[PDB]
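**Student:** Coordinates for the following, if possible.
(5 chains, ligands or ions: 2)
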Amino acid sequence: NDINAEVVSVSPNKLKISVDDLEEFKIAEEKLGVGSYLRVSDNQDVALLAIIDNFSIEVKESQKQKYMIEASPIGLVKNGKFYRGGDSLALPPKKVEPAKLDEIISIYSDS
Amino acid sequence: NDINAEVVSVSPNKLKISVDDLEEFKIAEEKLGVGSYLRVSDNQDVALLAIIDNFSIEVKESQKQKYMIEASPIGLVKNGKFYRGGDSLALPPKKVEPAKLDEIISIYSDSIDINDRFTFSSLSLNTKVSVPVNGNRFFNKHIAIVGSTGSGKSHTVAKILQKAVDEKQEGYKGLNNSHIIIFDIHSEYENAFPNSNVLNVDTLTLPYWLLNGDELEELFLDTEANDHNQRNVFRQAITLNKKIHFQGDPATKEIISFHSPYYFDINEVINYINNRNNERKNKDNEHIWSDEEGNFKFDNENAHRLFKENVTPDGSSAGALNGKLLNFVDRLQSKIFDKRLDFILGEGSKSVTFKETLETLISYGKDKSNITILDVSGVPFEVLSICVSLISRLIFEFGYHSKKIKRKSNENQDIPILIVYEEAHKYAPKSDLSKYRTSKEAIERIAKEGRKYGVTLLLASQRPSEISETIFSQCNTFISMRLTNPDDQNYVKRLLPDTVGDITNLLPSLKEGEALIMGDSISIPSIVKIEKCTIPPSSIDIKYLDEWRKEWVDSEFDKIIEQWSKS
Amino acid sequence: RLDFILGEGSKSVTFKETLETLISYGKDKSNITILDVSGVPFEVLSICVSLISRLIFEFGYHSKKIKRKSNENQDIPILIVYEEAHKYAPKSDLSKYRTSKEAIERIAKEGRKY
Amino acid sequence: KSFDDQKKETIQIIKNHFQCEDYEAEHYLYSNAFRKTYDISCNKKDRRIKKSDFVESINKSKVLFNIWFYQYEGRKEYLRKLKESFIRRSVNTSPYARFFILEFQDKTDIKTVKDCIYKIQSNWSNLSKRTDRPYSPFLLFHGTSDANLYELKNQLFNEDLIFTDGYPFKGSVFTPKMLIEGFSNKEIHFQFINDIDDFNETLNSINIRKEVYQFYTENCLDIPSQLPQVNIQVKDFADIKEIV
Amino acid sequence: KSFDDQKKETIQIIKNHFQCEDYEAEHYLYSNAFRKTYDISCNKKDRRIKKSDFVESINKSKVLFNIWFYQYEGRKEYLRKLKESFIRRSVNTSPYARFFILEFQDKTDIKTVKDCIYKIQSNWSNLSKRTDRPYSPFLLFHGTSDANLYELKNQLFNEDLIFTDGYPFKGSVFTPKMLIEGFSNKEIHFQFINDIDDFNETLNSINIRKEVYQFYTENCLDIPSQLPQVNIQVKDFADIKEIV
Ligand SMILES: Nc1ncnc2c1ncn2[C@@H]1O[C@H](COP(=O)(O)OP(=O)(O)O)[C@@H](O)[C@H]1O
Ligand SMILES: [Mg+2]
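**Tutor:** Numbering: from 1, shown residues only, chains lettered A, B, ... in the order given. Ligands and ions are numbered 1, 2, ... in the order given. Below is the structure:
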């Protein structure tokens, strides 16, 4: 794979994502920025988009890297159509990858 | 089973619930969200019901998933009857299930009588349950509908009013008793209420003589100057002009004052004040004038002669008010000559009647309608505070004088009146500036005292923070569409009683048409989905891109300039 | 320095020619009219801004008086760009800028519908 | 009665006949009715057929492949209408025992069918190391030689897609409890039901909700009717990946 | 044409023909064409050459050294030009199997080779203890005698630059997996591939993305072409310290 991120905690308006494996560094620089968009789903049909709000990458002397991403679920997509919503539930754990080009485009073009 | 949750900790107004199994995932999607309802009991006849304030689903490596639900007990259900109150205590552990449809229905259908229910919305999480409000307590206590632009504030205002108009008592056909006045800054409600009287600047004639002492001085005098001589001559010119135009019983004539609502001609008042600016006296301190009928001396019998412009001063020394009103007269006729004020200060205000003005405002004239829409889009902004204050005071004082007839007849008030204030922060700002002072006190006296006189508010504003806290607190019913400004969010949090966990950050995430109603009208504060307007409040506005896309127009520019010269 | 406002050309110019100049409806039509007010003296700059902003708004005000009489779709929408808008419309209530404050605030409050 | 206007009328008269939902009145009931129209176009001696025979035949549990809307909508549009109509997903798909029956011929190569397996495995499984209820898809392949079926299983194991089939060693009988244990096993990516006889033996040993997503081109099995079935006829195996 | 006009049309014929980018045209294809024209003009035997022959003569996987581009801009400016063209760097360096093939000859001092190794070691390795993905460069030397080659490895060991070479003990066969664990070993600073036969065996044992950087003077080894390649000719070995 390229990135193995995963939702570990769910709040009413807040998502905590743990990045377990980051084999491609270029995903972290561009696609995991402060305001970048993540898709939160276990399938490529229906997804929950979240924008990042904060992150922390901590490394220790013998422990594994602790890359945590803090996000907020701005909306939801079904088959490439984005619906802005509130408190739509994603039951953890959920596979997290950066949102595709057509998904980010559909946030601004659909309205 | 599908759901296995139980209460692990209680507090005075607070339950902590641990979901243990969650076998069926769609229970968590729609029945375990924030604002949903939970049945907390060990049997199936007596239970408490609980709103959901917060939740947290922690998942980790080896231990079980930690789904904790933060709930607050909203009341008590006993054998199909719901009883409000968090006083009843659940001793933990208590089995927790999502509330059934009949339990959520009984929450709102028990605190309100069958004839007191005013339904205009349904619950957002459960469509199949409608959310009625105490329609007496909904309208008698003032309503404040707040939210950002594009949140559906005007559709919600109209849907409340269409349900108020369309509802009727059984056994009669025709119009109902409701009376609603809308101050329309954006001209939206004309399409929403097609069979209603609509008054814009071109047709609505507001008499200037109906302005009281504060409003007449606000329109013409300067508060910052505060000139006692200019104020005194303005009062006595207006008071005398009201007397000489009075056609009635002499006993009524003697009690006519500056504040009494009688017709005076503003052109004659300007002439009198301009005359007393040209005052000249002889060597006996009496101002002597000469006109067509002959020489006369300024006194109470001859002061009406100064309303005519064609008089000349005849005195050796300068008069008492000579050379003191030149700035006042120039300000006085600057307002009159402006064509934008022709609806309030023009020739149409001469022929209008005090009774006809009242019939126009609440639509009691030839054409009667429950909804009166005041399209004040064309009103210039410096007199928007004047015109709103005039109509609000003309309605409050009519509401007050309705009650004083009815107490002599030992009856209650026959008609109640609702006034809707779109863009309510412009009339009543938090700022203590004098330019919006008169519109504040008109809405102040309705907010503080109009409850007893059948005059109430519907404060519909985009920026609730700019509204004065004194008028916003007198409102008791609060509908929040969507607030995204953090200053707006924090002000409303400080203005919303109790209700922790529901108003916190649900308001930014509310969808369009989705609202939070609270107050004494509704049983509990709940997130509702306001039902769709089949006849929406559409405002006809200029689509710049569609007009800019087309051809550069050439025939139009010549027509604009020539009519500007004509007008 | 004030020849543009108080010269011999200001007396001879007509009212229609002024609105062809400020809007570019004259001999050479243009989508954008740039009023280079850098050479305008600073003491009269608010006077020139308020005069033009009043004239442009009143053109749009009388635009609607045509439009109900003729009942025609054709419309002239105008956007005004105020570079350095803080000095034409200051928070201070000084008399040096209340002319340009009032003209801009009329456009900000009423100019949406005109 | 235009092309679109007549299409709206036949949907409403179908919905009046069955009193059913609209998602399968257009995508499942209308498509099967059109197929029987062209099926009787070869021999057209019958114009008056009783409603107990023609309507009964088109009201199967199977969604037949229509070539005309395959050409009129297109390849991408037709498969998109099979997404939103039958294979409906949520954000929070539950751990159900999902069964995927796929039809195998010898003309289909292994590489295309592998790409359907990784499509099914990545979309219908949550083998997360943090989850408490992991689920894995059940795969059944049929209509093929055993040499081609065993060949597909061998290359699936070599690229680290660990599966189980109820045969943990040579000479083992079909023990079905490896499939249910492999369903909740985080290290088993999917289940591999070998043939028809192991499918019915597996169904009696699972108590949670079972869904069957059959995808066929020529032949379809008579699976029992109490569990939910979702059957799509496709033109080729390459269309199954864009459907699931 | 003036000197400020004909140079920026000299690349446009190659650039539009090969549809290449900026860096591999002005520094990789122009510079080879300049050198390939002098050695055919200074020769007094043949001048005629086909344009298709000239296409394949300069489009080799090699950055040819150019003498005239050494005094025109200087020693510092030429190595700066070669630095940012093919050895572009990022903030985060990926844990890749980078192979460095440096030409060691007998005229080169051992010391000048040594500071090239520390320059490669300090640039292309992250042997921090907090790394969960440590990496370290592979070093290959060719063209030198084994006595001079073994002398270089002995001095590297005395000053605590610990390396592995695939021979963990005396008399061992070449085990390529000692280079593999040394790549992820924090205590091993680099890998020291001995000869070209050891180099091809190590490539088959690497599954992650690998890159090759060759720096030579006269003779250049042939790497298989599917790998990323950087083959840069220099005047002497001391230039390699200032480009990597
Ligand atoms: N109850 C509702 N249900 C669905 N959509 C609504 C509802 N109310 C308003 N809307 C939509 O929201 C949009 C915003 O309208 P409105 O809220 O009236 O604007 P504003 O809040 O600025 O007055 C409208 O175009 C309307 O289509
Ligand atoms: Mg509105």
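
**Student:** Can you list the buried residues in stretch D:139-151?
**Tutor:** By 16 or more other CB atoms under 10 Å in any protein chain shown, the buried positions in stretch D:139-151 come out as D:139-142, D:144, D:148-149. The way it works is simple: take the backbone N, C-alpha and C, and place the C-beta from them, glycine included.

**Student:** Output the residues you listed in CSV; the columns should cover distance to chain A and secondary structure.
**Tutor:** Converted to CSV, those look like this (distance: CB to the nearest CB, whole Å; DSSP: H, G, I helix; E, B strand; the rest coil):
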residue, distance to chain A, secondary structure
D:139, 17, strand
D:140, 21, strand
D:141, 22, strand
D:142, 25, strand
D:144, 28, coil
D:148, 29, helix
D:149, 27, helix
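
**Student:** residues near whichever residue of chain A sits closest to chain C, how many?
**Tutor:** Across chain A, no residue is closer to chain C than residue A:111, which sits at 21.7 Å (CB to the nearest CB). Residue A:111: 7 surrounding residues under other CB atoms under 10 Å in any protein chain shown.

**Student:** partners of the residue nearest to it when sequence neighbours are not counted in the sheet?
**Tutor:** Distances taken as CB to CB, 6 or more residues apart in numbering or on different chains put residue A:84 closest to residue A:111, at 7.8 Å, once the chain neighbours are dropped. Note on residue A:84: beta-bridge partners by DSSP bridges are residue A:75.

**Student:** Please report phi then psi for residue A:95.
**Tutor:** Backbone torsions for residue A:95, taken as degrees, to the nearest 10, come to phi -70, psi 130.

**Student:** re the thing from before, for the residue of chain A closest to chain C, identify the helix or strand it belongs to.
**Tutor:** Of the helices and strands defined by DSSP states H and E, none includes residue A:111.

**Student:** How about residue D:167?
**Tutor:** Here residue D:167 is assigned to no helix or strand, by DSSP H and E.

**Student:** need the contact list for the closest residue to it other than its chain neighbours.
**Tutor:** Spatial nearest neighbour of residue D:167, excluding adjacent residues (CB to CB, 6+ apart): residue D:174 at 6.5 Å. By CB atoms under 8 Å, 6 or more residues apart in numbering or on different chains, the residues touching residue D:174 are D:166-167, D:194, D:197-198, D:201.

**Student:** Any quick PyMOL command for the buried ones out of the residues you listed?
**Tutor:** Buried residues within the contacts of residue D:174, by 16+ other CB under 10 Å, are selected in PyMOL with:
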select buried, chain D and resi 166+194+198
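
**Student:** What is the neighbour count of residue 49?
**Tutor:** Since you didn't name a chain, this refers to chain A. 26.

**Student:** Please refer instead to chain D.
**Tutor:** Counted with other CB under 10 Å, the neighbours of residue D:49 add up to 12.

**Student:** Tell me the secondary structure at it.
**Tutor:** coil (DSSP: H, G, I helix; E, B strand; the rest coil).

**Student:** Tell me which residue is most central in the chain.
**Tutor:** Unless you meant another one, I'm taking chain A. residue A:38 (3.1 Å; CA atoms, centre = their mean).

**Student:** you looked at the wrong chain, it should be chain D
**Tutor:** residue D:214 (2.2 Å).

**Student:** In contact with that one, which residues are there?
**Tutor:** D:101, D:220-221, D:223, D:229-232.

**Student:** Sitting in strands, which of those do you find?
**Tutor:** D:101, D:229-232 (DSSP state E).

**Student:** Tell me where chain D has helices.
**Tutor:** D:3-18, D:23-24, D:30-39, D:54-58, D:67-72, D:75-83, D:110-123, D:146-158, D:177-183, D:196-203, D:238-241 (DSSP state H).

**Student:** Who are the packing partners of the second one?
**Tutor:** Other helices and strands packing on helix D:23-24, by 3 or more CB pairs under 8 Å, 6 or more residues apart in numbering or on different chains; DSSP states H and E, are absent; none qualifies.

**Student:** chain center to that helix: distance?
**Tutor:** How far helix D:23-24 lies from its chain's middle: 16 Å, per CA atoms, centre = their mean, to the nearest Å.

**Student:** isn't residue D:243 right up against residue D:81?
**Tutor:** No: counting by CB atoms under 8 Å, residue D:243 does not reach residue D:81; the two are 10.1 Å apart.
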